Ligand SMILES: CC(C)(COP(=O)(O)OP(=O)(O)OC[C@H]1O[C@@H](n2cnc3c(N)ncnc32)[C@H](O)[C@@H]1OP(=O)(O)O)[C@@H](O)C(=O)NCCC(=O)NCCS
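Here you get one chain, nothing else, as structure tokens; it is the form deposited without the ligand.
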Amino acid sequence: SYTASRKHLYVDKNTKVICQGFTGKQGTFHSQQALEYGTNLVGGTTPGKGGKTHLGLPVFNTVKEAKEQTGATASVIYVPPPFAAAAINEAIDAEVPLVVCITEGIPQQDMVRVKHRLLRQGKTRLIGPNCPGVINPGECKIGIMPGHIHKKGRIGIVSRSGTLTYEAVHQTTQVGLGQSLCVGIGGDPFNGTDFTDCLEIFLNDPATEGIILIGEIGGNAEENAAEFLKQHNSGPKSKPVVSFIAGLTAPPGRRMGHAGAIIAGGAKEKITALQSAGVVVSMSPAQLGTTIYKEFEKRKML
């Protein structure tokens, strides 16, 4: 099943990454960031550019061409929204173990179609789209997050937000706890990876001793993650979990339909729901690091 590919979320020293949209302006920039950070970027693709070198690495026409010749195991997509969904499908066809689609703006209908087959296979794990990516502090950085704030540590960060993810990262490094693995699942409704996937990885990673979940109002993402922890992060060796949900001060949204209300039945409910699973919700976004730190001291883990 598709869950069998969760393991591919945990990038590391060895994963060999390639870049779809390599010559693109964003592809090039964030590709350099990865090379300078130490990520093992072995090349990228760009139709009509196969056989030319870029950033000192080979460019290929398709992904299979780029995979067999480099032995890649992860891909990061910067293809523009109109063709990004196809970029994913190309990686799945090439059975790339991990695909990280950064691109924001993919039509929901495209991703509904991508995700449809994605759930019918277990070879390729997808992160995103419209996410900052995944970063193993020190070992591998797949995405746009600034690497100069991370530090290999004991805390696993899972975030549905974007730039807000960096606050939790910058605060856990400052307190000295560092990050074991930070994953951004993005803000799109139909994605390859959700909270429950990263929590499963975090709850079973020894290097992950504390957890920070970052969310925001809207949807049921946070509640589903909450019910998971309530059924798998309870009992004996329970790993402390901290959370911050942005938007408690957001105004009403102005509806135009009953559909959303009927399928539902954000705000305080997300907060108190996470609390039900024993999660410590930091009210301010500035004290995420200072909170997880103390939850570690509450049970003598420093």
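Residues that one form lacks are left out of the comparison. For the two forms, the rigid core is made up of the largest set of C-alpha atoms that agree within 1.5 Å on superposition. Residue indices: 1-based, along the sequence shown.
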Residues of the deposited chain absent from the coordinates between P236 and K237 total none
Once average C-alpha B-factors are taken from the entry for 240-248 and 253-261, the winner is 253-261
Of 223-231 and 160-168, the stretch with the higher mean C-alpha B-factor in the deposited entry is 223-231
Chain thirds by Cα B factor, record data; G138 belongs to the middle
Binned into thirds over the chain's modelled residues, the C-alpha B-factor of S284 lands in the middle
Here the Cα B-factor of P80, set against its chain, lands in the third termed lowest
Among the modelled residues of its chain, the C-alpha B-factor of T208 falls in the third labelled middle
Among the modelled residues of its chain, the C-alpha B-factor of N14 falls in the third labelled highest
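From this point on, the text means the form solved in complex with the ligand, which you will not see here.
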From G178, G147, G162, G218: within 4.5 Å of the ligand in the entry with it bound by heavy atoms is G162
Checked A87, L203, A94, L118 for heavy atoms within 4.5 Å of the ligand in the entry with it bound; positive is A87
Answer among 79-87, 108-116, 149-157, 168-176 for heavy atoms within 4.5 Å of the ligand in the entry with it bound: the stretch 79-87
**Prompt:** Contact between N136 and the ligand in the entry with it bound at 4.5 Å, heavy atoms?
**Reply:** no
Any non-hydrogen atom of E104 within 4.5 angstroms of the ligand in the entry with it bound: yes
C131 near the ligand in the entry with it bound, any heavy atom under 4.5 Å? yes
- prompt: Taking the shortest heavy atom distance, is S243 within 4.5 Å of the ligand in the entry with it bound?
  reply: no
When the ligand is considered in the entry with it bound, the residues of 25-62 having a heavy atom within 4.5 Å of it are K25, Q26, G27, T45, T46, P47, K49
Take the rigid core as the frame of reference and indicate whether the C-alpha of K237 shifts by 2 Å or more between this form and the one not shown.
no
Checklist line | Rigid-core frame, C-alpha of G38, shift of 2 angstroms or more between this form and the one not shown | finding: no
On a rigid core fit between this form and the one not shown, runs of three or more residues in which every CA shifts by 2 Å or more occupy 249-265
